[PDB]
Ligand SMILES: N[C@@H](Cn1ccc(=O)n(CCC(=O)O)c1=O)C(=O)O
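Below sits a lone chain in structure tokens, taken as the form solved without the named molecule.
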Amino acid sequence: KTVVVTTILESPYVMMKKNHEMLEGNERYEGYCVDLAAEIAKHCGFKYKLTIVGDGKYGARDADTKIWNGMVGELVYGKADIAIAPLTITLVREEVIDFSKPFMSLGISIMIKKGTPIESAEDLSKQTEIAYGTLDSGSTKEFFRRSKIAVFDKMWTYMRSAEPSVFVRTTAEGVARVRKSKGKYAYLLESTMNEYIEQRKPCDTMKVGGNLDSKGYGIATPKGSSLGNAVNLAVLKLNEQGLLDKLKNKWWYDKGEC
């Protein structure tokens, strides 16, 4: 049986190639997770089909219906066999799906236009002249919603009732908002993404301060999957071979344009 891989279009993890119109199947995509999927498939010895998650979300549970959406949902409901993407390993998700050991370590970070008078999370929480927000349906937003840390909770009370919404639907929208806000909007996002964008022209953003937390991205499989065990060992093997470090260089700095 061909393994159905659910993923998400998020640069530089998964992106359509420039000449995709003349390509088919998995050949239409390129990126860190596309190379990773190939590596895993080869090691676990299976054929696969990359599919972009329907609703374009990572995964959250509807408070009222208790229904899971995003990639997590595709696994939970059996629409996908494995998820290979920048999916954060979290307690609530671990309760419903399986995660391999992390293939990438990261943390929440701050993205500023450039020249913006902000160097830390505290700086943001001290003023209101500069707005800030996060992605939606993600682990970053939830981080602030649940944080008991004085500063982070103070940052959440603002973001929650912020008018208009400081939250964005996709990373691209957040980065776009930062760039066109004359430095009046700071974006909170996962460090790996921050670092990638900082190397992308117009080269007008920069990551500031240390990460607010420490987390990891993991490959996910549904509970009781015959793939989980093998995939977990594959990730460890790949990290130990240095392949994972090889891949980040390739997609983050070898292609940097700043």
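Each residue number is its position in the shown sequence, starting from 1. Rigid core (definition): largest C-alpha set, two forms, superposition within 1.5 Å.
Only in words, not in the display: the form solved in complex with the named molecule, which the text now covers.
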Practice item. Check the shown form for clashes with the named molecule: superpose the C-alphas around the site so the partner sits as in the deposited complex, and report blocked if 3 or more ligand atoms are within 2.4 Å of backbone or C-beta atoms, open if none are. Key: blocked
**Study point:** Among 39-47, 23-31, 222-230, 187-195, the region lying within 4.5 Å of the named molecule in the deposited complex by heavy atom distance
**Key:** 187-195
Point to revise | in the deposited complex, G73 touching the named molecule (heavy atom, 4.5 Å) | key: no
Review point. Would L87 show up as a contact with the named molecule in the deposited complex if we use heavy atoms at 4.5 Å?
Key: yes
Review point. After superposition on the rigid core, does the Cα atom of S137 shift by at least 2 Å between the shown form and the other one?
Key: yes
